[PDB]
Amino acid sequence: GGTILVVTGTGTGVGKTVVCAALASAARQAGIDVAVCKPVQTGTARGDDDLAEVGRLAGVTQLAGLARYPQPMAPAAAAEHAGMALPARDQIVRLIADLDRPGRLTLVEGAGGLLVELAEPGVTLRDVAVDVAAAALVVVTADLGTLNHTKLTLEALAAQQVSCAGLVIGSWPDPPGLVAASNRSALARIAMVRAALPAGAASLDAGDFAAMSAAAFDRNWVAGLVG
């Protein structure tokens, strides 16, 4: 097989999809095949579709989903509202596994924060990362409160020995205020910071987003992800 990265976050809203898209973009400009996989997707009745957005921004055509719920809630709530069920654990692993392939980077965006239930019972993205032997890349903010949330997330990745690919600062303000700059230094002491995506990048166009994306990440880190 190839490489699997689950792309996680300190909470919901933190920039996960833009990161999936940015790293997928950057990898494709390294000749690296990329699939992105959104196993649980809630809030589709509000037009949320994280798979479509990665394609829309990065041009990834290898987009893989499974469950979709209408209401923008926790997947257990969104399922329970629609009368539906969550996937079983093996369905999410099977979905990633068939995507897996040597020379290919498969990114797996979960639904919100690391410990959000994704499959019955209490199965989270962290359990799924164990099953497919994936490292997790953790998307963070610069806002107040982020150091605690991150530290909590990494402590959780360690309890099941899920390696940390590092952190990406999801939205980097320009200019950064005093809190933002400090936290940027503080998180760099907590883990390798892989990139800091400039705020509002979801309004850059194809070429702009790709330029931004090639800039955001270290070439040697990206190319080192798949051999």
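Start at 1 with the first residue shown and count on from there. In this text, the rigid core denotes the largest set of C-alpha atoms whose superposition between the two forms falls within 1.5 Å.
When the other structures are laid on the shown form by the core, the C-alphas of 131 to 139 and 117 to 125 differ in how far they drift in 9 other deposited structures of this protein; the larger average drift belongs to 117 to 125. Farther on average from this form in 9 other deposited structures of this protein lies stretch 198 to 206, the comparison being between 181 to 189 and 198 to 206 by RMS Cα distance after core superposition.
Stretches 144 to 152 and 96 to 104 differ in mean C-alpha B factor, with the higher average recorded for 96 to 104. Residue-level inspection of the entry shows that, of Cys37, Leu167, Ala26, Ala158, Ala26 has the top Cα B-factor. When the modelled residues of the chain are ordered by C-alpha B-factor, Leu197 sits in the highest third. Per-chain ranking of the deposited C-alpha B factor places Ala82 in the highest third. For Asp33, the recorded CA temperature factor ranks within the middle third of the chain's modelled residues. Ranked within its chain, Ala223 lands in the middle third, by CA B factor from the PDB record. Split the chain's modelled residues into thirds by C-alpha temperature factor. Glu109 is in the lowest one.
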